[PDB]
Structures are given as structure tokens and as C-alpha cells.
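Descriptive analysis of the structure
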Amino acid sequence: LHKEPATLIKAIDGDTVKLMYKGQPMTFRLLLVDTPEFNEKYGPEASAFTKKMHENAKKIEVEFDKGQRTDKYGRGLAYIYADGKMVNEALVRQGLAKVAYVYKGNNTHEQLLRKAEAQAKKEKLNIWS
Ligand SMILES: Cc1cn([C@H]2C[C@H](OP(=O)(O)O)[C@@H](COP(=O)(O)O)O2)c(=O)[nH]c1=O
Ligand SMILES: [Ca+2]
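Residues numbered from 1 in each chain as written, not as in the entry; some residues may be left out. Chains lettered and ligands numbered in written order. Heavy atoms only, no water.

Method of determination for the deposited model, per the PDB record: X-ray crystallography, at 1.7200 Å resolution.

Here is the structure:
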């Protein structure tokens, strides 16, 4: 896998964000995670976390996996990095997303994320409290 450039257009929620990628506006859905909807418990906290991590970043990068690059809703499916830190992982490590939606052929970082989830759960953070 490889990282490619993008720039923030707008935060959306815990696990979706509007980025400019190859010069086009796209909504990205973070691979391998599920944040609560804004209206659900920890949803505002997830949305805030993702917004801050993107907005504070000097450099945003997207990393597609090996399989499908867009979902059925036209959303890009990627791992997103903010100054080299993976947002998807960081959310899970903080107990603000569950590992989820692990489809065969786009699951390169599954084990990394499951390790983060286990540590979040051990710490009883957020969702796991
Ligand atoms: C993360 C992810 C979601 N999806 C689809 C599955 C779910 O379909 P359904 O809408 O039919 O439930 C939906 C979940 O996204 P959200 O968690 O953003 O709602 O997005 C994919 O197809 N591939 C993916 O990698
Ligand atoms: Ca969600």
C-alpha cells in the first residue's frame, strides 16, 4: 500500500470526511472502523476527535487498500493519515470506534486495528466503559 496526497475540505463525522483527492472533492469513509452516529452515545466525541485530527494536520494522506476504492454510496474507502498518524487506528485506540466492516481484500490493517481495540477495551475507554 502507498500514501497519496489529499487536503481537507470539511469534517463530517467520526468516520467520514470530505477531502480533495486528485483535485476532486470526495467523501471518504474510513476503512475497518465504525464510529457511533452523531446522535448516538460517543458520536459527538468521535466527530470531534476526527475533526481535530484532520484540521490540526499539516499533511493529510489517503491510503487505499487492495480492493474496492469506492463503496456503494460513492464514498472513497481509505486509511487516512494526519501527519503520519492513522486516523482509523487512533479512533479505535481511543475507544471511539469499533473494528468493523472487515471485508475480504480490503483488510490490510485489520490486525493493527484489533490490537488498538484490545488496548482500548483493556483501558475501558469511552465506548468500552
Ligand atoms: C466501511 C465500509 C462501509 N460499507 C457500507 C456497508 C454499510 O452498508 P449499509 O448502509 O447498507 O448498512 C455502510 C455502513 O457505513 P456507515 O457506517 O457509514 O453507515 O457502508 C462498505 O460497503 N464498505 C466499507 O468498507
Ligand atoms: Ca458510523
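Structure's up, so let's keep going.
Side note on the pairing of strand β2 (residues 16-21)
Applicable threshold: Two strands pair if DSSP finds at least two bridges between them. The helix and strand labels rest on DSSP assignments: H or I over at least four residues marks a helix, E over at least two residues marks a strand, and numbering proceeds from the N terminus.
Here four bridges tie strand β1 (residues 4-11) to β2, and the two strands are oriented antiparallel to one another. Each bridged residue has a counterpart across the sheet, and for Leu8 the counterpart in β2 is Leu19. Where β1 folds back onto β2 in an antiparallel hairpin, the turn is made up of four residues. In terms of strand pairing, β2 meets strand β3 (residues 24-30) through six bridges, oriented antiparallel. Across the sheet, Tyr21 pairs through a bridge with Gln24, a residue of β3. Counting the residues in the hairpin turn of β2 and β3 gives two residues, including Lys22, whose phi is positive at 45 degrees.

As for the nonpolar core
Quick note on the threshold: Residues belong to one nonpolar core when they are buried, are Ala, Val, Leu, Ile, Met, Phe, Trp, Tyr or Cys, and are joined through side-chain atoms within 4.5 Å. Each residue is placed in one exposure class: buried if its accessible area under a 1.4 Å probe, protein chains only, is under 20% of its type's maximum, exposed if it is over 50%, and partly exposed if it falls in between. Two residues form a contact once any of their heavy atoms are found within 4.5 Å.
Formed by 33 residues in total, the largest nonpolar core has its most connected members in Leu19, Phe28, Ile60, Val62, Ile80 and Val87. Counting only elements with at least two residues in this core, the list comes to β2, β3, α1 (43-55), β5 (60-63), β6 (76-82), α2 (87-93) and α3 (110-122). Per-element tally for this core: the top contributor is β6, with six residues. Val87 has contacts with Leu30, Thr50, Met53, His54, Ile80 and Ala82, leaving out every residue within four places of it along the chain.

Here's the deal with the packing of aromatic side chains
Spelled out, the test is: When two rings of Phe, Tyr or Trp (its six-membered ring) have centres within 6.5 Å they constitute a pair, described as stacked for plane angles under 30 degrees, edge-to-face for angles over 60, and tilted for the intermediate range. Either the NZ atom of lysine or the CZ atom of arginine qualifies as a charge over a ring when it sits within 6 Å of the ring centre and within 35 degrees of the ring normal.
Applying the stated criterion across every chain, the model contains four aromatic pairs. With centroids separated by 6.1 Å and ring planes inclined at 90 degrees, the aromatic side chains of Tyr21 and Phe28 adopt a geometry described as edge-to-face. Of the two residues examined, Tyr21 and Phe28, each falls in the buried class. Ring geometry for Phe28 against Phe64: centres 6.1 Å apart, planes inclined by 40 degrees, an arrangement best described as tilted. Of this pair, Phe28 sits in strand β3 while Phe64 sits in the loop between β5 and β6, placing them 36 residues apart in sequence. Neither residue differs from the other here; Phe28 and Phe64 are each classed as buried. Here the aromatic residues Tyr21, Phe28 and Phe64 are joined through ring pairs into a cluster of three or more. Taking the ring centre of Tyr42 as reference, the NZ or CZ of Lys41 above it sits at 4.4 Å. One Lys or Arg, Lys121, reaches over the ring of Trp128 and ends 4.3 Å from the middle of that ring.

Thoughts on unusual backbone geometry
For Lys22, which is not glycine, the phi dihedral falls at a positive 45 degrees. Mapping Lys22 onto the fold places it in the loop between β2 and β3. One non-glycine residue with positive phi stands out, namely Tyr42, at about 70 degrees. Positionally, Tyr42 belongs in the loop between β4 (33-34) and α1.

Digging into α3
Operational definition: The span expected for a helix works out to 1.5 Å for each residue beyond the first. Note that the arc is computed from the directions linking the helix axis to the C-beta atoms.
Between its terminal C-alpha atoms α3 stretches 18 Å, which fits the 18 Å expected from 13 residues at 1.5 Å a residue. Within α3 the residues assigned to the buried category are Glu110, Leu113, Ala116, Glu117 and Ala120. One face of α3 carries all of its buried residues, which in axial projection span an arc of 125 degrees. Projecting away from the buried face of α3 at angles above 90 degrees are the exposed residues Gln111, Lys115 and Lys122. For α3, the elements touching its buried residues are β4, β7 (85-86), α2 and β8 (98-99). Once α3 finishes, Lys124 follows within two positions and takes phi at roughly 55 degrees, a positive value.

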